[PDB]
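Taken together, the values in this text are just the output of simple stated rules run on the coordinates, not laboratory data. Because the Cβ atoms are built from the backbone with ideal geometry, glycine has one as well, and the counts that use them run over all protein chains shown.
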Amino acid sequence: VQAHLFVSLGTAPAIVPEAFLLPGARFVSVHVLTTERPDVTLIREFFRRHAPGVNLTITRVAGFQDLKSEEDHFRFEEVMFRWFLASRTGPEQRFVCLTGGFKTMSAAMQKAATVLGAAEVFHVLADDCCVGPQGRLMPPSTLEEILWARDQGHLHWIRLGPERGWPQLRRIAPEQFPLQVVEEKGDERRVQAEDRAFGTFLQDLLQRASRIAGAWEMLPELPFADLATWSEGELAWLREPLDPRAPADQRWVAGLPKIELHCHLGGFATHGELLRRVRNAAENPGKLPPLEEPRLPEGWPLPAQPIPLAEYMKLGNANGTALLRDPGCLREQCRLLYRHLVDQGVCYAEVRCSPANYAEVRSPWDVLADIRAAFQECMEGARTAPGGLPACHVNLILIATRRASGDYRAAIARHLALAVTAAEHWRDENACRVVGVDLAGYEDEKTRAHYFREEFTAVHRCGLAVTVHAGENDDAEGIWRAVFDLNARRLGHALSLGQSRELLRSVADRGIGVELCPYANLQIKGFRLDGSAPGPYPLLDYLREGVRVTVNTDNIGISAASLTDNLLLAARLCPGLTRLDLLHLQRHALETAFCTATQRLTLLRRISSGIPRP
Amino acid sequence: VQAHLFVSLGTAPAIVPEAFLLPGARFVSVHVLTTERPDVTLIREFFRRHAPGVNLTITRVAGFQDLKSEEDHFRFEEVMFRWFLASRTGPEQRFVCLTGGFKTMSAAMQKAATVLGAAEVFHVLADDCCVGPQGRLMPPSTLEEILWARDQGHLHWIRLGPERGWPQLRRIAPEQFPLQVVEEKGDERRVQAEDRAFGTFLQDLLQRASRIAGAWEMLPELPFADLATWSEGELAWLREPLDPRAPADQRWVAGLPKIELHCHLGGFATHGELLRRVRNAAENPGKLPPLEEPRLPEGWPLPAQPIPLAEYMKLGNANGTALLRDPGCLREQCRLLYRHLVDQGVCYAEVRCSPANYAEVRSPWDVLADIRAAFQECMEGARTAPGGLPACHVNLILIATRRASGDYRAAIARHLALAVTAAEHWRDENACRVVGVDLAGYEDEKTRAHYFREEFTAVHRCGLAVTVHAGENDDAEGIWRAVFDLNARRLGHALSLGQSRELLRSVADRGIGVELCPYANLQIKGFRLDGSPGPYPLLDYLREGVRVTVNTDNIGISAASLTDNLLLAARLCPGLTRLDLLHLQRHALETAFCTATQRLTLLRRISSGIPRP
């Protein structure tokens, strides 16, 4: 109910104290400007009296004596707009006055109230109030006739209708439209304006709504609907090549809301302090394995030579099946992963795990229950304020197991049966829930999974999604079979699709998604970096054809990189990538998720109103 | 370009003479509203002081001497408001100026300018203008110091800009909002009012718009990005129920760009003049069957009782197989269909046809070639100016045949072979081309054919989409089998999906489109109209996230177009808003069978064509 007051002052200073008087409407603050000519001494005396606690921010122009030239008009409008900007208050809290002014045209304030939302407009009136010595309604000597008129009420205040403001400018910040203070003498200040950028922005917003000449190419092909309210200069910044080494471009990617779809729980904390923290919350300290940390190759984030997959897997042999057989370690790892995900700014994640691996005495169901309980407790604990919803939704995807010595059919059957029952058990739509399964594996699984299509027909009826990790070999026939027989909806990696036009066109048309991990691909398969045997990274081509490409993290601990670093490295690998392409990537990732329609709408609202302005 | 102008009021007369001075702006009319006091003698001086000629209706209130009371503001607001109403001039012809008067009526009149709408707001300001005694900047004697100032350029008119006004209040008449003329003293005029109903209307409209516009979720979730630059009133209008009988919404629906996905070539011109036009272009007039138009049921567009499907089919027995076995008739039908589609405003269509039906002596390939050649000739003919592209794009879908007399498996094989060969033959991406097949009649029904899955693995590799028609019964098993074995991407009709949550959820998630035809569905299955067979399952599908479309099916048999189908869909499901139409268009665009470049071009064309109210 903080009613910050915005009153203009003319050559008559009675309007300030009088419009201060209002039915109720206790004012936390009062903001006024004038020109250099009028004095402030009697306003000083007035404010020293019964209202000393409130502040009186009286700002002044750099130079002004009258408003008769047009230049005076644009300058006054600009300075007044930057006033209202610098006030830093909610639209429902701003109040507008009689706007008398020293013939300040009295209309700029109404224009501001119309374009920028406010709460109310009132009009002071003088009726037999403060009858002066001359007989006319002169303002009091200092304040005595104010009290006199308040005693016998005829003056009053004529109140107009409230305004809401234009939808586009209703949300805005003073940082992109600042002002320079010439000098501040106590509560009084003198400021000045630089350029009519705000007027240019308003004129652009008016003009693009009429013609379609220049906006016709730009607006219709924009990823999010909230990007149509940006200025012409900002939209030009968005259509320029992204520099991954600029100290300013790095802080923009760090504030974007992000969606994550390829993460592994068993490869998070494998080195450094986090390993110590995980190895501290163990329930049974007596059976923890000896602390050995594998040695990373030279310049590990950017190795000079590709390493094979087996060495990559063994690089994380300090936190996995060895450590996650103790419940405390499992819970602590879940909590740390959630905290890191929240810090990165992710708003929706899908963690992949295989409960069978971390089970030697307990059953897989107990491991799944513990994981779900930990994640749900964290989600309920966080509960930030997008409307009461948790800060980061987390779902679950069940990948197959590793110890494939027992009967393969038995392992597959157990893996799918655990998923179906878990899907049936947790049916609430605001909590962790198993959403899909993974069919990673070929050769033996190629001979088993693809042939036994009838095995994977129950899952389809139970409401679960299927993702296939097309890793090594990456032949075309496997992709054809995965797309058309297994009815998968997302593909893993699959970096070679441009060697068969029919497959690329089919994948583009049907809508299947593709998941790419820059750091892992560079460190495992090898790729050229910067401007200068594998070919170019197939990200720009996929984005141009119309495929739904995403960028993910894969293994956070083994690769030692986060989502932001992955995006910047993706910018490095393909020269020419623009920021609009990053927003396209986010939109595609949102589209290809496994959530429900209500969650999709909520995520769209959250993302579209979070993009930081340049 | 007639300029009906509103000047101002003023205690000092000078406001009117200095406001009539505008650079390069001729006004055919001048209207003034003011109080009892002002010296009407000086406006009488101005009456012929200017010279050339303009109306000078001076309106007066029944009683007023000062703006000092709270009710005074409301009284003058209503009076001047109804003065605007009774003006009877176009929104783009009004001219508005608040140079003079007191403060409150200036604020009220600028508020009228923004809310009601205007074309330009200007301020007259004097700089060293008309110097008088003691060096006082003060109005001229009669007009001569104005002449001196014009000789010296001492006048500065400050122009602000145009206005838009709220959509509902843009069009209004004074008959329902009259006034009370006290006395029109020739050019002078006196008025009074009766109530403040129009101000109550404005308050109710604004408060209802505010209440409807809650959290600003509207901006993040608009269908098309171009709508994000609209004014608040237009969005509020878009968030209201659609009235299908008003003479204003119908033109808006007519103006909308549209996409058609369910049309039949063999049921276009089956009655009236079009039948005669088609029959007059036959190559061999001696072999034409005698003209016999079937008789339509009672009130055919909206029958009072459903009819069986067989009678619906027999209705179109004048332009079926009988007439189309002649090249001239085929060409004329194709050309007429293209012209009608262009007139309706369609920008992308997919016409279904069965070439085998119209082949007796000629082979099916000749029929297909003739159809493609006719459509391509028309397409290259139109090419108006989208970006240099044709005004309408037409692709083809091959449905199965009707004559299940011979070996049906042979018919299916020939159908698919023709489809594949035609798909490979024409490969340019800016011309008519076979884009998909329709495994209609459930292939040949599960009675004799079920689903030869291993047969339909070649069309997928050759790049053809599959559409499955849901006809009678519509058991969930059939839809399950179609979706997860035939890899279909669109479903026909399928009005019963709400009876199984799992099917609805799966269909919504995967992204399979649904095609609905309101007129045909009403005439064949029976439905309740104007809220009086269950309710029409269109609003439920939209609220559940399914991708729904509205089509025409048969144009000649049903005797309706896309616009009429949209309006009837509005009638069937009460509460449908004007945003749902754009949602349907977006879904139709997303479910089409075109290519990525065509999809981007279609998005650009649709998003830049939506008409503002």
- Query: Does the range B:475-487 include one or more residues that are within 14 Å of chain A (Cβ to nearest Cβ), within 30 Å of the chain's Cα centre (by Cα) and surrounded by 16 or more Cβ atoms within 10 Å (Cβ to Cβ)?
  - Reply: no
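Each row is one residue, and each column tells you yes or no for (1) within 21 Å of A:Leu137 (Cβ to Cβ); (2) hydrophobic (A, V, I, L, M, F, W, C); (3) touching a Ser or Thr at 6+ places or on another chain (Cβ under 9 Å).
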position	(1), (2), (3)
A:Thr11	yes, no, yes
A:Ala14	yes, yes, no
A:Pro17	yes, no, no
A:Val40	no, yes, yes
A:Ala51	no, yes, no
A:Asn55	no, no, yes
- Message: Can you pull out every residue in the range B:334-365 that is farther than 23 Å from B:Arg403 by Cα and over 26 Å from the mean Cα position of the chain (by Cα)?
- Response: B:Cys334
- Task: Enumerate the helices (runs of 4 or more DSSP H) found wholly within the range A:406-498, keeping only those where 2 or more residues are farther than 26 Å from A:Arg372 by Cβ and among the charged types (D, E, K, R).
- Result: A:476-484
- Item | Subset of the range B:124-141 [within 52 Å of the chain's Cα centre (by Cα) and surrounded by 17 or more Cβ atoms within 10 Å (Cβ to Cβ)] | B:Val124, B:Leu125, B:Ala126
- Message: A:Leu205 - would you say it is aliphatic (A, V, I, L, M), touching an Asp or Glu at 6+ places or on another chain (Cβ under 6 Å) and surrounded by 13 or more Cβ atoms within 10 Å (Cβ to Cβ)?
- Response: no
- What do you reckon, is B:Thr552 surrounded by fewer than 22 Cβ atoms within 10 Å (Cβ to Cβ) and either among the hydroxyl-bearing types (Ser, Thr, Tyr) or within 14 Å of another protein chain (Cβ to nearest Cβ) (or both)? no
- Query: Among A:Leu495, A:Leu491, which is more than 14 Å from chain B (Cβ to nearest Cβ) and farther than 23 Å from B:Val483 by Cβ?
  - Reply: A:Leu495
- Task: Report yes if B:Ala423 is within 14 Å of chain A (Cβ to nearest Cβ), more than 34 Å from the chain's Cα centre (by Cα) and either at negative phi or aromatic (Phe, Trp, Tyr) (or both), otherwise no.
- Result: yes
- Output the residue which, of all residues in the range B:59-111 that are of a type in the set (D, E, K, R), in a loop (DSSP other than H, G, I, E, B) and within 11 Å of chain A (Cβ to nearest Cβ), is surrounded by the fewest Cβ atoms within 10 Å (Cβ to Cβ). B:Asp66
- Task: Go through the range A:125-155 residue by residue and tally those that are among the hydrophobic types (A, V, I, L, M, F, W, C) and touching a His at 6+ places or on another chain (Cβ under 8 Å).
- Result: 2
- Given the conditions (1) in contact with a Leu (Cβ under 7 Å, 6 or more places away or on another chain); (2) within 13 Å of chain B (Cβ to nearest Cβ), report the number of the one that A:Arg605 does not fulfil. (1)
- In the range B:232-279, how many are over 30 Å from A:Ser608 (Cα atoms) and outside any helix (DSSP H, G or I)? 15
- Condition met for B:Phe527 (among the aromatic types (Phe, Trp, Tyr), more than 16 Å from B:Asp553 (Cβ to Cβ), surrounded by fewer than 20 Cβ atoms within 10 Å (Cβ to Cβ) and more than 14 Å from chain A (Cβ to nearest Cβ)): no
- Hits in the range A:426-474 (condition: over 35 Å from the mean Cα position of the chain (by Cα) and closer than 19 Å to B:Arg481 by Cα): A:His450, A:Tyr451, A:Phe452, A:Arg453, A:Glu454, A:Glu455, A:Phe456, A:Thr457, A:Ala458, A:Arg461
- Elements of type helices (runs of 4 or more DSSP H) contained in the range A:520-614, each with 1 or more residues being touching a strand residue (DSSP E or B) at 6+ places or on another chain (Cβ under 8 Å), under 30 Å from A:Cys432 (Cβ atoms) and of a type in the set (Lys, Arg): A:597-608
